[PDB]
Amino acid sequence: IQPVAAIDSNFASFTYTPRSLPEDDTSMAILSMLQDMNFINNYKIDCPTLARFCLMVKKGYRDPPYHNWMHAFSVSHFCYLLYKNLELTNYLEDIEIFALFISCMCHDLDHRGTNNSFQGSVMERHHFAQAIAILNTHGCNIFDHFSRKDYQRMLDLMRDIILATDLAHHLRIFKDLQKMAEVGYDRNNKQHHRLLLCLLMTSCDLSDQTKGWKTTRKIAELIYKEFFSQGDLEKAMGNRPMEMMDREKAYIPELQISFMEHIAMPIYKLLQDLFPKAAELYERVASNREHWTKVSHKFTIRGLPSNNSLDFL
Amino acid sequence: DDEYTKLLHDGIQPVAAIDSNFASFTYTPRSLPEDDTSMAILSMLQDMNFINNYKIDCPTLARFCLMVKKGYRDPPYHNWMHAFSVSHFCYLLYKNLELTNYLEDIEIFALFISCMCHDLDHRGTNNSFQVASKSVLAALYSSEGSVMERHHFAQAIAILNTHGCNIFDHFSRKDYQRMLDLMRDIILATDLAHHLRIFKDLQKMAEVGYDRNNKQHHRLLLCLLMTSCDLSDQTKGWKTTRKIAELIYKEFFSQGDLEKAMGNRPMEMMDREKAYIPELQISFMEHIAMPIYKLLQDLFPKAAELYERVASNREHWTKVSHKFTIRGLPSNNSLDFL
Ligand SMILES: Cc1ncn(-c2nc3c(C(=O)N[C@@H](c4ccc(OC(F)(F)F)cc4)C(C)(C)O)cnn3cc2C)n1
Ligand SMILES: Cc1ncn(-c2nc3c(C(=O)N[C@@H](c4ccc(OC(F)(F)F)cc4)C(C)(C)O)cnn3cc2C)n1
Ligand SMILES: [Mg+2]
Ligand SMILES: [Mg+2]
Ligand SMILES: [Mg+2]
Ligand SMILES: [Zn+2]
Ligand SMILES: [Zn+2]
């Protein structure tokens, strides 16, 4: 188990981009993060079992453009950053933070690059079921020495956290999140623990928006590749895809800016309200959104297309 | 010799044999293969009776036509097929508007020959570029204005004074000078700057009515007709206007690239990173092309269909303007362009 500092001197910073790490080093980085959070010693996790678990989780991701292992790794890395930078131990129990990290690793398992509509929370229930199947694969149960009580806690936490990655769920609990942010977190309120875990999970899921322009632009490319692939499949089946899935109707600037203003930014705003040290995350999302507005004009073709042809009219 | 032999040993084809619709405003001369265009030029001159009228030596005319064809380079738009299409339109105006009621035979003959010659040795660059690039043409003509148009005329003169190519060498001294003066004035009228200077005079003439005894009206009409021929790709169907726009913008943006490489700032319409084709195309059509065909309609009621076609093509450009906004990802499948 490599010490975290040996991966990169900036590895525990909010400025670090985990997609910079080559894919063949990510499983070792997962182990290094768990070691640095002390969960291996805390929960007496068998290291061979943990290695097998991590590789099985990695193998349980398919290779669509966005919802692949590197997404899961990047989300898990952000969870680690929240631990290292926001001092989550003042707000959550060790088992809750451990569940959050493991949920991050597992939360999109077996994603096919299609959404719930293409198939409540259909995909998120599947991701959880896949995580369960891995745990019950011989040699991969990292929790098999847990007490009956802690085992059920861990399974309940993982289910609730993975289910919180559905936008529909987030929108249902949004008023409860705002209320908590307003009144202030209460470490003795079990609802506040549950709500905070949901918020943190969504903050990890969307963490590509908190990096530089390069990341938000490149991830947008992967996202729209996935969306439009789904729309193509829907059209081939004879069905009418939503505008954001239809490459002949989708207008990326509008879709991207709306997503950032109305979904991403309010999550990082809430996170800022609960953790002053999360302020730089909200500012980076707002900055990236401003950048999207600035480059919106580039979707209007100036000159001729690269084709050198007006056949498209 | 080979192109000559083919032009000379294929006899002067009657125009009807080229196409049954050859004398119609709906005909697209770019549909004719390039290897048949020289014979078509001869057929048109024969059908307008200029060969018999002026007793033109047919071998000399064949040589002249092939030399003119050879004097065009191959940029995207300003090539022989442009000159041919412009000459064809001049022929259409003769066949459809009865130009013999307005102009002298020598004036109509000069117009057609001017159409053939009017962009000779064009390099796909405009007058401004010649000055900016300090070309040989700028050195020769920049103090006089209309740099390229003076060059086109000089090229036409050089062809006429090439042995075996002087189609006017049996003209009287009076008719020879007249022909050279007409060719100069008509070729100079293809500069947009010239057209914009005379525009108020053209409007005046259109309003008061053409007067066949007014020599200024003859001169103004020839200018208008020449510009009507130069822009005649706008009077055909959507396919032509769209395809010609492609060639035009390729030429414009190639020039802008050269200007940037020289360190200069190109006009927005020459800059592929700033030019917005719908806006440029619609403005050109509304403010340059349509008023020319409006004037032509005012002077010739039978030219009404030309104006209507230009206005219709402009409406089509407005309708497809929205397609210049990228929906989905680019064909590249990449957002690197941001
Ligand atoms: C209306 C709509 N739906 C998705 N949209 C976009 N999503 C994205 C994402 C992203 O990461 N989207 C995931 C996600 C994951 C959890 C989620 O819920 C919660 F609670 F975290 F906000 C919402 C979105 C994804 C791909 C599953 O939609 C990146 N760029 N981008 C652009 C757009 C237009 N817009
Ligand atoms: C301000 C400006 N200048 C040129 N513009 C455009 N020109 C064209 C033409 C065309 O045929 N242009 C020639 C021409 C030739 C004689 C001429 O003078 C006169 F008197 F006939 F109007 C004007 C234009 C060309 C290529 C030489 O500019 C086709 N599409 N198109 C689009 C635009 C935006 N716009
Ligand atoms: Mg998901
Ligand atoms: Mg010209
Ligand atoms: Mg009147
Ligand atoms: Zn995810
Ligand atoms: Zn021309």
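Residues numbered from 1 in each chain as written, not as in the entry; some residues may be left out. Chains lettered and ligands numbered in written order. Heavy atoms only, no water.

(A) View of the site of ligand 1. All names here are of chain A. The environment of ligand 1 is formed by 18 residues, the closest being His170, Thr202, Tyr224, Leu255 and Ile263. Protein contacts shield 84% of the accessible area of ligand 1, which totals 670 Å² for the unbound molecule. Elements supplying a minimum of two residues to the shell around ligand 1: helix 9 (167-183), helix 10 (190-205), helix 11 (213-236) and helix 12 (252-274). Per element, the largest residue contribution to the shell around ligand 1 is five residues, and it comes from helix 12. Residues of the shell around ligand 1, tallied by class, amount to 11 nonpolar, six polar and one charged. (Near = heavy atom within 4 Å. Areas by Shrake-Rupley, 256 points an atom, 1.4 Å probe, with all protein chains shown as cover. Helix = DSSP H or I, 4+ residues; strand = E, 2+ residues; numbered from the N terminus. Nonpolar A, V, L, I, M, F, W, Y, C, P; charged D, E, K, R; others polar.)

(B) Spatial organisation of the coordination of the magnesium ion (ligand 5). Within the protein, B:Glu207 (O) and B:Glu207 (OE) serve as the donor atoms for the magnesium ion (ligand 5), at 2.2 to 2.6 Å. For B:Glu207, the position within the fold is in helix 12 (residues 192-208). (Donors = N, O, S within 2.8 Å, 3.2 Å for Na, K, Ca; no water.)

(C) The arrangement of the coordination of the zinc ion (ligand 7) in detail. All names here are of chain B. The protein atoms that coordinate the zinc ion (ligand 7) are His82 (NE2), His118 (NE2), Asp119 (OD) and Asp230 (OD), at distances spanning 2.0 to 2.2 Å. Between consecutive donor residues of the zinc ion (ligand 7), the sequence gaps follow H-x35-H-D-x110-D. Here the zinc ion (ligand 7) and the magnesium ion (ligand 4) are spaced 4.0 Å apart, linked through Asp119, which binds each one. Taken together, the residues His82 in helix 6 (residues 80-97) and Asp230 in helix 13 (residues 215-230) connect sequence positions 148 residues apart. Just as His82 is buried, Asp230 falls in that class too. (Buried < 20%, exposed > 50% of the residue type's maximum accessible area, 1.4 Å probe, protein only.)

(D) Quick peek at the site of ligand 2. All names here are of chain B. The immediate surroundings of ligand 2 are formed by 18 residues, with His195, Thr227, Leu280, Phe284 and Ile288 found nearest. Across the complex, the protein chains shield 84% of the 670 Å² of accessible surface that ligand 2 would expose by itself. Those elements that provide at least two residues to the shell around ligand 2 are helix 12, helix 13, helix 14 (238-261) and helix 15 (277-299). For the shell around ligand 2, the leading source of residues is helix 15, giving five residues. Classifying every residue of the shell around ligand 2 gives 11 nonpolar, six polar and one charged.

(E) Highlighting the packing of helix 12 of chain B against helix 15 of chain B. Residues and elements named next belong to chain B. Remark: helix 12 packs on helix 15, axes separated minimally by 11 Å, with the N-to-C direction vectors making an angle of 30 degrees. Compared by their axis directions, helix 12 and helix 15 come out roughly parallel. Like other packed secondary-structure pairs, helix 12 and helix 15 cross with a definite hand, here left-handed. Between helix 12, through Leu192, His195, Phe199, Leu202, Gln203, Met205 and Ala206, and helix 15, the contact on the second element is made entirely by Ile288, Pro291, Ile292, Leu295, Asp298 and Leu299. (Axes fitted to C-alpha atoms, helices over the stretch in contact; angles between N-to-C directions. Parallel < 35°, antiparallel > 145°, perpendicular 65-115°, else oblique. Left-handed = near helix turned anticlockwise from the far one by under 90°. Contact = heavy atoms within 4.5 Å.)

(F) Fine view of the UniProt feature "active site" in chain A. Residue and element names in this part refer to chain A. Look at the UniProt record and you will see "active site" annotated at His67. Structurally, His67 can be placed in the loop between helix 4 (47-59) and helix 5 (69-86). If we skip the residues at most four places from it in the chain, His67 touches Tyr61, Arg62, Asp108, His111 and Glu226. Within the local environment of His67, its side chain forms a polar contact with the side chain of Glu226, the two groups lying 2.5 Å apart. (UniProt positions renumbered as here; feature names shortened; annotations may be inferred. Polar contact = N/O pair within 3.5 Å; in protein donor to acceptor, adjacent residues only side chain to side chain.)

(G) Just unusual backbone geometry, in detail. Residue and element names in this part refer to chain B. The phi torsion at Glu98 lies on the positive side, around 60 degrees, for a residue other than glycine. Within the element layout of this structure, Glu98 appears in the loop between helix 6 and helix 7 (105-117). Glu98 sits in the partly exposed class, given a relative accessible area of 38%. Even without being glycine, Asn333 reaches a positive phi, approximately 65 degrees. You can see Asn333 is positioned in the segment after helix 16 (304-320). On the accessibility criterion, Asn333 (35% relative accessible area) is partly exposed.

(H) Broad picture of the UniProt feature "active site" in chain B. All names here are of chain B. With numbering matched to this structure, UniProt assigns "active site" to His78. Inspection of the secondary structure assignment puts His78 in the loop between helix 5 (58-70) and helix 6. Once residues lying within four places of it in the same chain are set aside, the contact partners of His78 are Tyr72, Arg73, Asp119, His122 and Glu251. A distance of 2.5 Å separates the side chain of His78 from the side chain of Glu251, its partner in a polar contact.

(I) Expanded view of the pattern of salt bridges. Overall, the coordinates contain 31 salt bridges over all chains when judged by the stated rule. The partner of A:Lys235 in a salt bridge is A:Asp246, and the shortest N-O contact between them spans 2.7 Å. Residue A:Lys235 is found in helix 11, and its partner A:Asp246 is found in the loop between helix 11 and helix 12; the two are separated by 11 residues along the sequence. Judged by relative accessible area, A:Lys235 falls into the partly exposed class, the value being 31%. Residue A:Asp246 is classed as buried on the basis of its relative accessible area, which comes to 5%. When the shortest N-O distance is used, the salt bridge between B:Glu305 and B:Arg309 registers 3.1 Å. Taken together, the positions of B:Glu305 and B:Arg309, both in helix 16 and four residues apart, correspond to about one turn of that helix. The class for B:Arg309 is partly exposed, based on a relative accessible area of 25%. (Salt bridge = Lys/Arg side-chain N within 4 Å of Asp/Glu carboxyl O.)

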